[PDB]
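Student: Structure for this input, please:
(one chain, ligands or ions: 2)
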Amino acid sequence: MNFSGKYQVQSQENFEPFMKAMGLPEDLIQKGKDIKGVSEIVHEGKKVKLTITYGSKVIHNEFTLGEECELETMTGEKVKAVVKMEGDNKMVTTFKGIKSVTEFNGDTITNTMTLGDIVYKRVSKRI
Ligand SMILES: CCCCCCCC/C=C\CCCCCCCC(=O)O
Ligand SMILES: CCCCCCCC/C=C\CCCCCCCC(=O)O
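Tutor: Residues are numbered from 1 along each chain as shown. Ligands and ions are numbered 1, 2, ... in the order given. Here you go, the structure:
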């Protein structure tokens, strides 16, 4: 039912603690929080690509469902991660030591990132 779609972020919880625990400068977050990022999901034969645009930068990625693929970080470091779907509105993806759960709906897309007791949730609407 749910396969590929355009979604736009409208709100996020927690910033300062999330970035601090990672390595993102508060300067960049402030500018990004006031800007509604963009999210585009491309579904092509089990191969789903995730695209995120920030201000004037476009980020494109590729991953295979039920298969561990190597993705680069914002620092250029190569990390291994396995993304798998659980079915309807439920998908389980874990990398290194962080738990990421994304709920897939035919109208809204929510992402859950937990690191160091920090809760990061992205709310996006269908467009
Ligand atoms: C898979 C890689 C995803 C990691 C990136 C997500 C973190 C977002 C970090 C910064 C977003 C803000 C960047 C926007 C460009 C700033 C504009 C400027 O250059 O002045
Ligand atoms: C925002 C990109 C950075 C993600 C960091 C985790 C690394 C895994 C990368 C790709 C596999 C994840 C794909 C499943 C989550 C989709 C979330 C969404 O639909 O908005």
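Student: which residue does the chain bring closest to ligand 2?
Tutor: Per CB to the nearest ligand atom, residue 83 is where the chain lies closest to ligand 2, at 3.7 Å. Backbone N, C-alpha and C define where each C-beta goes, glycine included.
Student: Where does that residue sit, in terms of helix or strand?
Tutor: Using DSSP states H and E, residue 83 falls within strand 78-85.
Student: Could I get the buried residue list for the helix or strand following that strand?
Tutor: Past strand 78-85, further along toward the C-terminus, the next helix or strand under DSSP H and E is strand 91-95. The neighbour-count check on strand 91-95 (16 or more other CB atoms under 10 Å) flags 91, 93 as buried.
Student: could you give the angle of strand 91-95 to strand 78-85?
Tutor: If you take axes from the mean of the first three to the mean of the last three CA atoms, to 10 degrees, strand 91-95 sits at 160 degrees to strand 78-85.
Student: about what we covered before: please name every helix or strand in contact with the strand holding residue 83.
Tutor: Applying 3 or more CB pairs under 8 Å, 6 or more residues apart in numbering; DSSP states H and E, one finds that strand 78-85 contacts strand 57-64, strand 67-72, strand 91-95.
Student: Would you mind putting these into TSV with distance to residue 49 alongside?
Tutor: Formatted as TSV, the helices and strands packed on strand 78-85 follow (distance: least, CB to CB, whole Å):
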stretch	distance to residue 49
strand 57-64	5
strand 67-72	11
strand 91-95	14
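Student: Can you report how many residues lie near the residue of the chain closest to ligand 2?
Tutor: By the criterion of other CB atoms under 10 Å, residue 83 has 21 neighbours.
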